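Chains as they are written, first to last, in the authors' numbering: chain g, 25 to 121; chain m, 11 to 128; chain M, 3 to 459; chain n, 10 to 175; chain L, 2 to 605; chain h, 7 to 78; chain p, 4 to 172; chain U, 4 to 88.
No residue lacks a Cβ here, since even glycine has one placed at the ideal position from N, Cα and C.
Here it is in structure tokens:
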């Protein structure tokens with residue numbers, strides 16, 4: 025015996041008493057939510073946010089290193105023999121053993 | 011799996027036992043179809059039908075695991091040799107490649123001068 | 003900057019009137035998610051600390067942006083569910099997402115290991131309440147108890163491991179301070195110290211052994227299908243393996259050798275099962291094992307190239323598998339079963355959703371450079387420098403990654419559904435809007451993947 | 010039934026003959042040779058001899074069984090358009106069309122509304138007629154035809170109605 | 002200066018309907034007409050830079066969209082316009098120019114008429130990137146992009162059965178071909194830091210690991226060959242203009258195209274030279290054999306692509322990249338006609354795809370039947386019918402080499418074997434008494450058909466004049482043996498046609514010949530559906546169900562848990578249900594506890 | 007003339023129009039974004055005199071819009 | 004400009020003597036398209052450059068030099084090692100794009116010559132082999148993930164190997 | 004091309020008239036081939052095979068026993084192929 029346990033109802037919005045909606049009940053709340061503020065974040069974060077991402081604020085010295093490398097190539101080629109790296113960041117270290 | 015001759019119409023007799031055998035199979039087939047027929051031809055429904063065959067089919071793989079595997083004997087133990095066994099198989103494959111690679115770096119160079127990435 | 007406005011979302015849902023609620027929770031979350039792409043992106047050669055060690059800066063973690071992307075996305079599909087029940091039940095399970103997001107922001111930002119630990123395990127508590135309740139099918143407890151007794155069984159060894167490091171070597175804290183860390187001498191006492199640091203991020207990052215935690219949580223649906231994406235956030239939420247292996251044990255890789263092979267077989271065998279499986283949610287549950295296993299292989303190699311693909315895969319998987327679960331949810335609220343064979347029919351019944359079904363399935367394959375190709379390709383290239391034999395096994399995996407997603411397509415691209423009569427409306431505006439908000443960020447990462455793949459890039 | 014098994018074998022024999030021969034005049038010639046083989050044993054009726062003939066009929070036929078036979082254009086199984094150019098749309102997704110779009114072509118909607126009202130009203134009468142048939146189990150093989158002519162509709166209404174068209 | 006500018010125009014013109022695909026401006030019924038007009042001016046804008054290339058000028062451009070700055074790398078959307086790449090663009094565009102306007106006639110008055118053109122445009126762009134690929138990462142965008150768009154094209158018709166697997170297999174065998182391709186990607190980075198295609202021309206290392214386990218393994222996925230080729234007959238299940246492009250010019254070239262572009266590597270290494278011809282030797286007969294027995298209008302031409310591809314694999318083994326693309330550029334005109342003119346028959350006489358039922362006489366449909374005569378004879382060794390300028394140059398060069406002798410003898414049988422299946426379109430279906438497919442069948446020539454085949458007829462005859470003379474060659478092979486090498490290319494076509502005419506007419510007349518029951522045919526399909534459609538999917542799924550799922554994934558990997566749960570509950574029950582109350586029992590145990598601390602423990 | 011096949015169409019086509027309406031709404035500053043390169047100066051590379059390292063923006067290159075975001 | 008080597012000067016001159024026909028189809032179309040949509044594009048580019056008027060030069064490149072050697076101050080100190088490791092990470096990011104320039108020097112040779120390939124140039128081939136081989140030993144490659152604390156060990160391992168070979172010879 | 008109800012009946016009658024073995028004057032369309040017209044047990048299946056080749060080639064083996072009369076066979080072929088609106 026179930027007594028009260030047998031209770032189930034099939035519910036679907038579809039078109040019946042909704043016209044055309046996404047949120048359940050109230051036509052006034054649905055249009056102002058599902059079509060306005062649902063699409064306002066779709067317009068700001070995706071379209072106005074696309075300008076940022078990586079383009080514009082340099083981003084971890086990606087563009088800076090290009091101009092920095094080019095000026096060091098022409099200077100070292102004119103004066104020194106070794107190009108860029110040969111024995112870098114170590115000069116007169118305190119022995120080995 | 012297939013035999014020497016493909017089964018399609020081979021080895022079939024009328025007799026008397028086979029005549030009653032078809033009567034048994036068509037009786038259940040019509041019994042399970044009529045309960046579908048009464049549920050299909052009505053506009054008041056709207057909803058996907060359950061059917062006891064497909065629910066038990068999904069339950070056969072997702073569940074019924076621990077009620078099973080109580081007589082393991084030897085067939086279950088042979089599956090473990092095909093289970094954790096291949097991990098031991100590849101363990102000596104990669105290890106022989108490491109002894110080949112590590113020796114070449116220290117003496118008699120094999121790595122190219124053009125290599126720099128990773 | 004990020005904590006405090008996120009905490010102010012808690013009184014927002016409770017103070018607002020009964021008719022609204024869902025409008026305020028979605029709109030205010032979208033404007034906060036805008037500021038994440040505004041301030042966090044700025045970095046130098048080595049990423050400089052934010053402030054005091056309450057919440058710190060990001061060095062190699064733009065994965066916070068993904069959590070901010072799913073911050074409103076999880077609230078969208080949870081509209082069809084929970085609507086039948088009381089207003090207090092709605093207000094609780096919206097705030098449990100906010101509490102999840104509160105702890106999730108704290109995990110990625112804070113450059114720590116001691117305080118990071120009490121945020122890693124702290125994410126398990128809100129998810130436990132979400133998974134155990136609102137389960138459509140039974141055996142909720144055979145997934146709820148499994149959710150803790152797998153993670154906490156592996157993560158509680160961090161208390162004996164992390165504190166042992168700071169008691170001998172200065173303090174863990176900033177990680178930027180951690181140059182004090184000396185290479186391991188490789189002793190039998192140090193064997194279980196390495197294992198205790200790993201095992202916590204061997205459960206949440208699923209291998210082949212102790213992987214059963216994951217598919218049980220996905221099949222037994224928490225709420226509809228959008229709370230399943232929070233479990234996807236926990237796979238990538240176990241990012242501490244990027245921090246422990248790099249700093250705490252850099253010389254140790256001899257003990258990594260068997261654990262690479264354990265994850266290597268969690269690629270062929272995990273893809274084999276995902277071919278004859280009946281449940282549609284299970285087909286995404288086992289595909290999520292293989293994609294995260296690729297990260298596991300990459301981390302343990304420790305080459306600078308592997309991390310570039312590993313960090314990319316964390317973002318790649320988090321927006322593609324979550325996209326796949328939304329497609330599973332879009333059929334779950336119409337047919338009311340997780341069965342693949344029963345729910346069969348696209349274009350004839352679901353016209354515009356079928357194109358979303360394509361783009362989600364094609365991302366499991368190697369598409370023209372989006373993020374999934376970029377993420378996977380570095381790992382394959384890194385494995386060859388590790389050992390030449392790998393691509394013979396890795397190539398077989400590439401065959402069944404097609405079978406991961408084309409089998410999902412074929413069993414939906416058939417003009418049948420004779421037994422079915424429901425699913426009249428194909429997509430009620432937001433249903434397709436969910437699918438667009440998952441794919442269009444991946445399409446924007448085609449132009450700039452430098453923001454996504456960045457561990458010293 | 011023995012008679013149906015001979016009919017099924019003869020139907021397959023002619024349709025498999027066209028795979029070997031090229032021209033239609035040779036097809037007509039070889040068909041006459043096949044008829045002479047069957048007519049010699051057709052006159053004599055036996056329970057043992059004819060059943061042994063049917064089992065031996067599979068032999069020789071199986072020796073030349075796969076030359077990739079012509080499986081027709083629009084035919085079940087085989088090759089070349091089995092479900093292709095016949096996808097169409099079921100009648101279940103007909104009522105799903107929302108207003109503004111439903112207003113276009115009003116004759117198609119008004120005629121369908123009159124037909125749906127007839128199917129809904131006759132569904133209660135057909136349900137009693139289906140259980141009126143004597144079986145006292147559920148059903149036997151095929152569906153029973155209606156005896157009443159005044160009400161019409163023989164149990165199934167959406168069986169013949171609503172079908173795919175190329 | 003204009004060479005670099007006009008090269009982007011051809012790429013931008015094809016993306017303009019994709020720009021208008023997302024609403025933009027409304028186009029009812031004119032959307033299929035808009036694609037036709039887009040490719041028409043794309044052909045004219047591609048003809049001008051080729052005219053510059055005959056004179057002088059070679060430019061390779063980057064768009065400065067370098068999305069990767071990861072570890073000593075720059076990867077922009079690069080466009081290579083060098084020789085093999087430059088010549089292929091206007092050839093491939095002219096092939097599409099007819100096929101896309103053929104889709105106005107075939108598949109007419111369909112609800113999904115717009116979507117049909119949509120995926121074909123992406124199918125055109127992805128190949129054009131692969132042709133103009135200057136980076137190895139840029140190479141993947143095309144090589145996978147064409148193989149991924151084939152799913153929506155082969156499985157275009159919404160098939161309830163068999164049609165979905167036809168599109169599935171096309172990627173499935175391609176992904177086994179991917180095993181080598183991504184291995185060729187990973188080897189390239191580990192050995193050379195540059196990663197791009199511009200490196201290997203300088204400081205080239207002698208290694209057999211790269212092209213064999215790599216490019217040759219990628220040549221089995223795309224181009225089909227011998228390794229995996231059961232996806233070719235299944236591809237015919239899709240619409241007729243779709244099956245035309247995937248077999249004449251587009252999908253077919255992608256496999257061999259890689260081997261032509263990397264030509265200094267094949268010349269230096271001798272171990273690759275042998276295996277390229279060893280794989281090419283089996284392709285020549287085995288695929289040509291399947292063309293004899295199989296009797297379906299579409300499926301006969303489907304197997305003929307791979308037999309012609311057998312000669313395309315020989316050119317790689319002979320170390321001549323210059324003669325390699327010359328065959329494919331003429332092959333683009335050979336089978337753009339033959340796949341489509343046969344498709345005109347299928348649409349006319351109801352919907353018949355069998356040669357046995359079809360009996361379209363030369364007098365009945367004169368416009369389509371004349372194209373079948375030109376198309377079929379052009380494949381065979383004909384002195385001026387565009388065959389001599391493509392096919393005959395391969396055979397003559399193959400005779401004078403240090404390479405395999407058995408491979409050379411096997412190719413000579415294939416050159417005579419071309420006449421057998423080509424006559425099986427003429428003598429079997431076109432020629433003789435009509436087979437009568439249906440009672441009262443309507444067959445009529447449309448104005449769309451006339452202004453398409455006639456435009457292809459000029460391209461299928463004048464190809465041997467324009468392409469051969471304009472492109473500068475390297476090293477002439479024709480010098481020795483007037484009968485053994487030079488005449489042998491033409492004599493095989495003559496002796497092949499005579500042997501085919503005697504073999505076909507004997508069964509055609511017959512009368513009282515009687516077809517035999519017993520035959521030695523390993524020829525019906527090549528017995529690949531018995532191993533790749535029956536055995537290989539079974540073996541991958543039996544190891545998935547008898548093993549893995551029913552052993553590891555649900556039992557043995559879960560077996561660690563009852564060791565910590567069921568054994569824990571067993572140990573729990575021995576501390577709860579134990580002692581049925583009684584103060585006596587608990588105090589009996591307290592006697593022992595003191596004795597443990599005093600005697601069993603050393604502490605005091 | 008025929009009744010033809012049936013799709014929701016109304017729910018499908020409206021979604022694409024509602025999507026495009028909000029792309030075009032924020033497509034106006036995209037159109038202004040092109041003219042900002044046109045009217046205002048884009049980039050200049052020159053050796054700076056020792057006085058100040060950062061003013062408004064510390065390092066400005068390519069686009070002028072980079073400096074406007076650097077201030078806030 | 005300046006940094007890039009390139010070729011000296013390209014010849015490229017047409018005589019056109021054999022066969023009149025229609026002069027030259029390639030030259031007639033080049034002259035036509037120069038006035039149709041090339042001169043019009045040049046006029047619009049000049050109009051936008053003139054409309055700029057006021058232009059900001061700005062700092063562009065930052066200095067940041069030396070700031071003490073990393074292999075001098077040690078014994079684990081937060082105040083000293085932090086700025087020293089910053090210098091090493093700057094140089095490592097610069098060295099990544101130094102290789103890229105030398106890489107593109109070889110790319111320029113392959114594009115310009117084509118047929119010659121290895122017979123000519125030689126200087127760019129030698130420049131590539133010298134830098135990359137030194138880059139493999141000093142910066143990462145075999146030294147796993149990028150860390151300046153581990154970089155001193157890689158230099159010491161090379162110094163110990165060179166001293167062991169010098170003692171024997 | 005579309006098929007008409009009057010056209011499908013005329014097309015089936017034209018094939019039945021040229022049968023040679025069956026009399027054209029004795030049977031028209033309404034008369035059954037099972038009892039009224041001279042047709043054997045093997046002849047009934049052969050007549051159905053010739054009719055399928057002329058029209059749209061679709062004939063089930065199980066439904067072959069149900070169709071015997073030329074009037075019923077013309078209606079069954081038109082219903083399966085969807086003819087006359």
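Each residue's CA atom was taken as its position, placing residue 26 of chain U and residue 64 of chain U some 26 Å apart. By the rule that beta-carbons nearer than 8 Å mark a contact, residue 22 of chain h touches chain L.
Taking the Cα positions, residue 429 of chain M is about 7 Å away from residue 17 of chain h. Look at residue 112 of chain L: its C-beta is under 8 Å from a C-beta on chain h. Rounded to the nearest whole angstrom, the C-alpha separation of residue 274 of chain L and residue 152 of chain M is 55 Å.
The alpha carbon of residue 13 of chain L has as its nearest neighbour, out of L/27, L/549 and L/39, the alpha carbon of L/39.
Residue 261 of chain M sits in a helix when the DSSP states are folded into three classes. Under the Cβ distance rule, residue 59 of chain L counts among the residues neighbouring chain p, one pair being separated by less than 8 Å.
Counting along the chain, the unbroken alpha helix (DSSP H) around residue 100 of chain g starts and ends at 88 to 103. For the 8 Å CB-CB criterion, residue 527 of chain L and residue 202 of chain L do not form a contact. For residue 39 of chain g, a Cβ of chain n is located within less than 8 Å of the residue's own Cβ. Under the 8 Å Cβ criterion, the segment 312 to 328 of chain L counts as touching the segment 403 to 420 of chain L, having at least three qualifying pairs. With respect to chain n, the C-beta atom of residue 53 of chain m has a partner C-beta closer than 8 Å. By DSSP's assignment, residue 80 of chain L forms a beta bridge with L/62.
At least one CB atom of chain L sits nearer than 8 Å to the CB of residue 278 of chain M. Annotation: Cβ neighbours of residue 179 of chain M in chain p (cutoff 7 Å, chain order): 81.
Excluding its 5 nearest sequence neighbours in each direction, residue 38 of chain M has C-beta neighbours in its own chain below 8 Å: 4, 66, 67 and 70, listed in chain order. Rounded to the nearest angstrom, the gap between the Cα atoms of residue 188 of chain M and residue 254 of chain M is 7 Å. Distance from the CA of residue 482 of chain L to the CA of residue 325 of chain L, rounded to the nearest whole angstrom, comes to 23 Å. Non-local beta-carbon contacts of residue 374 of chain M in its own chain, meaning distances under 6 Å to residues more than five positions away in sequence, involve 318 and 365 in chain order.
The shortest C-alpha to C-alpha distance from residue 23 of chain h to any of M/393, M/214 and M/435 is the one to M/435.
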